[PDB]
Amino acid sequence: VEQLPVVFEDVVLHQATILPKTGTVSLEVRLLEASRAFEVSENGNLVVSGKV
Amino acid sequence: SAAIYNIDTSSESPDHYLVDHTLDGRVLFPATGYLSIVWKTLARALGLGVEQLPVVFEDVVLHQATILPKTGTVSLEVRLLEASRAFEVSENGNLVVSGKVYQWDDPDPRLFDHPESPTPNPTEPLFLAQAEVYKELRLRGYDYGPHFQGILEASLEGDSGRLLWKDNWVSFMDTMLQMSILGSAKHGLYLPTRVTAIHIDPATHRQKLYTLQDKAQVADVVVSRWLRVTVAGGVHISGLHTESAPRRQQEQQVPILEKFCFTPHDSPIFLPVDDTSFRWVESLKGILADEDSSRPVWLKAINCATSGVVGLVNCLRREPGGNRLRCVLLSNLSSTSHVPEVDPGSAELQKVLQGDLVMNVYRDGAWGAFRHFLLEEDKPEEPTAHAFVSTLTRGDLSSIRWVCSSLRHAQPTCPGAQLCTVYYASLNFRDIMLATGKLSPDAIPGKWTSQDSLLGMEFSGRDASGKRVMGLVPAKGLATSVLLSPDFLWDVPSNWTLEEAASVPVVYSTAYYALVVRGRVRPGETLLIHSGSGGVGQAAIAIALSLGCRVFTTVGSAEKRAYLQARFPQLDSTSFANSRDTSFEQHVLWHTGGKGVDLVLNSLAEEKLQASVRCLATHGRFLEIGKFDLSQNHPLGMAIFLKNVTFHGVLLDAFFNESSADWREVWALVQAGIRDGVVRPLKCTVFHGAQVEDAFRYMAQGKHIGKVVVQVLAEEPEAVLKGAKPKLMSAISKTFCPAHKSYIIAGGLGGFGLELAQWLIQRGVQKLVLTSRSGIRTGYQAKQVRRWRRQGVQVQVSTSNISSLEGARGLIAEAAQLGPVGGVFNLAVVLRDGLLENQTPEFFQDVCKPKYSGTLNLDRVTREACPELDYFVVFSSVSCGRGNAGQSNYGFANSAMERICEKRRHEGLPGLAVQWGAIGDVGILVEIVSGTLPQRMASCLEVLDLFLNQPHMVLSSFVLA
Amino acid sequence: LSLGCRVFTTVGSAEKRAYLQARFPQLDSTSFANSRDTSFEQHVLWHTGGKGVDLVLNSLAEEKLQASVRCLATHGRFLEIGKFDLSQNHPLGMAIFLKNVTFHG
Ligand SMILES: NC(=O)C1=CN([C@@H]2O[C@H](COP(=O)(O)OP(=O)(O)OC[C@H]3O[C@@H](n4cnc5c(N)ncnc54)[C@H](OP(=O)(O)O)[C@@H]3O)[C@@H](O)[C@H]2O)C=CC1
Ligand SMILES: NC(=O)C1=CN([C@@H]2O[C@H](COP(=O)(O)OP(=O)(O)OC[C@H]3O[C@@H](n4cnc5c(N)ncnc54)[C@H](OP(=O)(O)O)[C@@H]3O)[C@@H](O)[C@H]2O)C=CC1
Ligand SMILES: NC(=O)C1=CN([C@@H]2O[C@H](COP(=O)(O)OP(=O)(O)OC[C@H]3O[C@@H](n4cnc5c(N)ncnc54)[C@H](OP(=O)(O)O)[C@@H]3O)[C@@H](O)[C@H]2O)C=CC1
């Protein structure tokens, strides 16, 4: 991470993830490198979209 | 995650059918192939089968075409973002297809209900068969194989038909796209690039399928261009967008073009072929019966000089026994009546026999033969006053030449149209893109022919009355003369020069339309102009400063900054930003107090566009005059419209389609700006008309400031010249036909007949008389004829047989009823093949009725009552030139036709015999031959255009292997 | 109707259709489509001969907004009256502007 300068573009936050007091929230990050895009989902629900 | 698909086109591979999806000599992966591959990936993700997964694609974008090599495999990676419902097909890390794919949760069968046609089909009995449909598609450039030949029947309009279902979704939806593009007026290789929506419901697709008597499952397809949908079975393709992919110049069709010209140098059996009843053929068979005494066979024709036994001998040599029989012609082809007329009963025959030549022809005292020579590669250049600049090969500035215009062969005179001599023509950005190939000619609005050159959008010169004018034209502005409506002309003021005025129309009309008509710019409004040093940029600067508007201009260099400072002293140092970077946005937002700019005249692309969107203030107006982001359907965040922002797509070209009062408003604005001094001509870099190529590349390099102008004609010192005629210049000859003349094509309802008729229509023919024995039978013929009639062409389908003299007279009279006969084309043919052994004189008579007797009658009637005839063309075969097995009669008829044409040309009347080889995509050989591939029809038409402007009597075109 | 214009009104009920017809007799049966689905698009594209409408007064959102955009003719004016798609920064395909279309927020 510290060796990789990065650019995010058109980042959209579709919903807010509430971190529970106990337990764990699973976040799925999927990269479309050719599209230069990314997606962050909680339980198959779109949370964050944009390009990276 | 990433589902890999190794597309292999080998015979054993399950995807071998993709070899049959060929688009201009290349095997392309279909867009519907991507649809099916994404469908498979989504079914795998959901753990379903494709047949059980109703799916919806949305905003499908094809970013590149995948090349499937003959040897090897191509890996396509499909990645799904299920949360965002998106997909991504990539090849070797390069994005290929993008869009949204998702399971159709509630499949509605009513979606796959065929929309009602806008009008009922009258020609229900006459439809386009499968062979006709795919011959037309192959003409357009789609070399589809049997696997993708799924259209069995289609209507003439192309709005309905039936698609054959081979349990293959790729082929089915590809034929759906083929049906969609079948009724497309645009010509060329159109490939899909975007689809708005694609709903596939296999559940109702199975129900929609029905089986014919052939026991093959078919589905009714309806293409509604009004609703922009295509519905077939359980597939609904809405919002399909196709762009014209340029055809690769690496075409193997490099035809061999030749000239057929006269070149001076046991017991004999004499065969006289001068008989018109062909009763000697059986006697010739008797000559083939013997072996030893048949060696000196002398086949002599002494009565008719147009006997044409040359092709007979050439073909008979190929047949068995011809070489042993040594069949050699002794043809007395005397071109002029005052000829020696050598007697064959004298010592001349003895000398000919002693020579034992393969052929002997007597031409006005010369004992020679007929030989093929290589045709000169130099294009025929002629002195004309009407020529235009055209790129001979697309994308190559080196192949930029002046070619004869349609105005010299056809002079139009009608109200509302003016022919203006052009002294100066300004190169524009669109012209550079067209010449460099970055812009498709079909992208320009208007009815443009395939051979039409659209270079030039602006001109200055003198109208018919001699008044000094400057004009805005949709295309063809780079011509020595233009034909434009007077509504697109402005008088050049006395203080201006023609060179100075050549830069005003396009640039200032664009700026005025963007700012005043569209942007509605008010005085004192802060305003951003992209590429201010450019033409449209400079005009926008002038207009904005005329209103006292604060102007921020983006420029690409310090020299352009200095030029803009000197040209417009009202611009301070804070009015200039960089156009090659995004930093201009910050600059603007720093110098406007963060509010923004009221207007943004933007010609920049990609993020530089988006930054220009960010520069907008509240109630801002974004005038997009660029095209890259517009053509690519790039996304635009609509939150900018929360600033009360207006977004105008400013296209001036839309003024050439209607030319209503909306254009008159812009014309009045430009005239007022000229009168008020607001409109000031830009700096012009002038290149002489003799060298337009260097101007094109110089402006392509982009260092030019202002405008680049080609000086077609130097401006003589005067106000209104009475003459104002263009000067004569040497230009490449191009065949064009007057609109007031009628043209006859014998057998014009045939394949080559229809194609040549279409080519003539593209060359300015407005009166056509296609004669055929059987009339209109096939759906393709009816479609072509009705399309030409709707185009405004007077096409007459006659049944007059040129074989009979009375029939030819009636045909010529019917043509003269439309207008004076300017050209007669003899393509009528009947074929009676077979070796000389199984040949009968009746077959010779039938084969010579359209070609031999038909050309006799055409020549006679044209000589009698066609004084103004320009073209007398007949289509012979290379079987005449060299010889074909089992086609002796065909060669004889072709040689007779060639003799007729040679005699006609020697006398002085027009005469042309074209020795065509195997003809591709159309004809008799399609419904490797003799070592020659079938020449594709586009190449055939190009070669015909070359031949029609040649002084040689007979020429041949054929492609070797 | 004061300007003598052809009008295509999208309503989501039959009672709304009847009320509009009674209120504006100049509207005909072909003047009404459905505002609860994309279908109105086709209706417009059928009754304009595939040309489209000159002006769109759009208060709908999402796929209905996209369908309304697809209803624009050449030199068409799209007047966004709604705010959901504006507030959400939904992407708008920048190819309708190739039809000399002006988008009004
Ligand atoms: N919508 C419409 O109807 C019309 C649109 N146009 C478009 O408007 C745009 C501007 O018009 P126009 O001023 O005549 O184009 P010009 O050639 O006159 O200049 C446009 C600017 O493009 C910049 N540029 C950057 N790189 C290049 C390059 N390699 N070659 C040429 N130019 C380059 C240059 O400015 P810089 O380097 O300073 O950035 C150039 O000044 C054109 O792209 C043109 O296609 C034109 C007429 C009508
Ligand atoms: N296609 C090829 O491969 C080659 C073609 N050519 C030349 O191309 C020309 C066109 O032939 P092709 O491409 O095969 O097109 P077609 O053979 O398909 O059409 C032939 C046309 O000839 C018409 N025809 C024949 N005789 C007469 C007549 N006496 N009066 C009116 N019409 C007649 C026929 O009319 P009907 O409809 O009544 O039958 C038929 O429509 C021919 O001159 C041929 O020599 C030369 C070499 C190769
Ligand atoms: N941007 C601006 O300047 C202004 C915008 N507006 C916008 O105009 C749009 C409509 O406003 P307006 O016409 O006055 O509202 P109305 O209450 O008069 O009706 C709005 C229409 O929207 C439909 N509709 C859909 N859902 C509902 C719902 N839950 N409740 C009521 N109606 C619904 C109805 O038509 P149908 O049911 O048949 O689909 C209804 O007729 C709004 O989005 C509003 O934001 C209003 C004023 C200013």
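Chains as they are written, first to last, in full-length UniProt numbering: chain A, 907 to 958; chain B, 858 to 1122, 1410 to 2071, 2079 to 2112; chain C, 1689 to 1793.
Built from N, CA and C at the ideal position, the CB exists for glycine as well.
Could you pull out every residue in the same chain whose Cβ sits closer than 8 angstroms to the Cβ of B:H1482, ignoring the five residues on either side in sequence? Nothing meets the Cβ criterion.
Using a cut-off of 7 angstroms between C-beta atoms, extract the partners of C:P1779 located in chain B. What C:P1779 touches in chain B: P1779, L1780 and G1781.
Would you give the residue range spanned by the beta strand (DSSP E) that B:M1503 belongs to? Its beta strand (DSSP E) spans residues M1503 to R1507.
At a cut-off of 7 angstroms, is B:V1680 close to ligand 1 when judged by its beta-carbon and the heavy atoms of the ligand? Flag set: Cβ of B:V1680 near ligand 1.
Contact test: C:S1701 Cβ vs ligand 3 heavy atom, cutoff 7 angstroms: Between ligand 3 and C:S1701, a heavy atom-to-CB distance of less than 7 angstroms is present.
Residues of its chain near C:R1724, where Cβ-Cβ distance is below 8 angstroms and the 5 sequence neighbours each way are ignored: The residues are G1700.
Are B:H1004 and B:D865 closer than 8 angstroms when you measure CB to CB? The Cβ atoms of B:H1004 and B:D865 lie no closer than 8 angstroms to each other.
Around the C-beta of B:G1895, are 16 or more other C-beta atoms found within 10 angstroms, so that it is buried, or is it exposed? With 16 or more Cβ atoms within 10 Å of its Cβ, B:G1895 is classed as buried.
Are there any heavy atoms of ligand 1 lying less than 7 angstroms away from the beta-carbon of C:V1789, as far as the coordinates show? Because no heavy atom of ligand 1 lies under 7 angstroms away, the Cβ of C:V1789 does not count as near it: no.
Output yes if chain C places a C-beta closer than 8 angstroms to the C-beta of B:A1655; else output no. Contact of B:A1655 with chain C is not assigned, every C-beta pair being separated by 8 angstroms or more.
In whole angstroms, give me the CA-to-CA distance for B:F2098 and B:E1837. The alpha-carbon atoms of B:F2098 and B:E1837 are separated by roughly 26 angstroms.
Members of the segment 946 to 957 of chain B near chain C, C-beta cut-off 8 angstroms: If the cut-off is 8 angstroms between Cβ atoms, the segment 946 to 957 of chain B has nothing near chain C.
In chain order, what residues of the segment 1715 to 1739 of chain C put their CB closer than 7 angstroms to some CB of chain B? For the segment 1715 to 1739 of chain C, the set of positions with a beta-carbon nearer than 7 angstroms to some beta-carbon of chain B reads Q1730, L1733, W1734, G1737 and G1738 in chain order.
For B:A1579 and B:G1897, I'd like the C-alpha separation in whole angstroms. Taking the straight line joining both Cα atoms gives about 32 angstroms.
Using a Cβ-Cβ cut-off of 7 angstroms (strictly less than) and excluding sequence neighbours within five positions of B:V1695, which residues of its own chain qualify? Excluding sequence neighbours, B:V1695 sits near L1671, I1673, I1685, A1688, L1689, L1715 and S1719.
Roughly how many whole angstroms lie between the Cα atoms of B:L1428 and B:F1517? Using only the alpha carbons, I get a separation of about 31 angstroms.
With a cut-off of 8 angstroms, does the C-beta of A:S932 fall near any C-beta of chain B? No - not a single Cβ of chain B is within 8 angstroms of the one on A:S932.
B:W2060: beta carbon under 7 angstroms from a heavy atom of ligand 2? Within the cutoff, so yes.
Give the interface partners of B:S1775 over in chain C, defined as CB-CB distance under 8 angstroms, in chain order. By Cβ distance, chain C contributes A1783 and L1786.
Figure out for me which residue from B:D1418, B:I1784, B:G1737 and B:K1752 has the closest Cα to the Cα of B:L1760. Of the listed residues, the one whose Cα sits closest to B:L1760 is B:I1784.
With distance defined between alpha-carbon atoms, name the residue in B:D2003, B:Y1996, B:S1095 and B:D1487 nearest to B:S2020. Nearest to B:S2020 by alpha-carbon distance, out of B:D2003, B:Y1996, B:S1095 and B:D1487, is B:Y1996.
Report the option in B:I1946, B:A1959, B:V1732 and B:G1615 whose CA atom is closest to the CA atom of B:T1999. Nearest of B:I1946, B:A1959, B:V1732 and B:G1615 to B:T1999, Cα basis: B:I1946.
Considering only the beta carbon of each residue, do B:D1586 and B:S1101 sit closer than 8 angstroms? Yes, these two residues count as a Cβ contact at 8 angstroms.
Residues bridged to B:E1525 by DSSP? According to DSSP, residue pairing for B:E1525 in a beta bridge involves B:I1876.
Would you list the residues sitting across from A:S947 in a DSSP beta bridge? DSSP lists A:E934 and A:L952 as partners of A:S947.
Should A:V912 go down as buried or exposed, given a rule of 16 or more other Cβ atoms within 10 Å for buried? Exposed.
Would you say the beta carbon of B:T1915 is closer than 7 angstroms to some non-hydrogen atom of ligand 2? Yes; taking the cut-off as 7 angstroms, the Cβ of B:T1915 has a heavy atom of ligand 2 nearer than that.
Figure out for me which residue from B:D2003, B:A1798 and B:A1883 has the closest Cα to the Cα of B:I1588. Restricting attention to B:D2003, B:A1798 and B:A1883, the CA atom closest to the CA of B:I1588 is found in B:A1798.
In angstroms with no decimal places, state the Cα-to-Cα distance between B:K1869 and B:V1566. Cα-Cα distance, rounded: 10 angstroms.
Please report whether the beta-carbon of A:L938 lies at a distance below 8 angstroms from any beta-carbon of chain B. Judged by the 8 angstroms Cβ criterion, A:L938 is in contact with chain B.
Terminal residues of the alpha helix (DSSP H) in which B:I2044 lies: B:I2044 -> alpha helix (DSSP H) spans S2032 to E2051.
Partners in chain C for residue 2077 of chain B, counting only beta-carbon separations shorter than 9 angstroms: Coordinates for residue 2077 of chain B are absent, as chain B skips straight from 2071 to 2079.
Can you list the residues of chain A that B:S941 reaches, using a CB-CB cut of under 7 angstroms? Those are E945, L952 and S955, listed as they occur along chain A.
Shorter than 7 angstroms, the distance from the beta carbon of residue 2078 of chain B to the closest heavy atom of ligand 2, or not? Since the numbering of chain B jumps from 2071 to 2079, residue 2078 of chain B cannot be located in this structure.
What are the start and end residues of each continuous beta strand (DSSP E) run of 3 or more residues lying completely inside the segment 1901 to 1975 of chain B, in chain order? Within the segment 1901 to 1975 of chain B, the runs of beta strand (DSSP E) at least 3 residues long that lie entirely inside it are, in chain order, 1911 to 1915, 1938 to 1942 and 1965 to 1970.
Take every Cβ of the segment 1766 to 1776 of chain B, pair it with every Cβ of the segment 1742 to 1757 of chain B, and state whether three or more of those distances are shorter than 8 angstroms. Contact between the segment 1766 to 1776 of chain B and the segment 1742 to 1757 of chain B is established, with three or more Cβ pairs separated by less than 8 angstroms.
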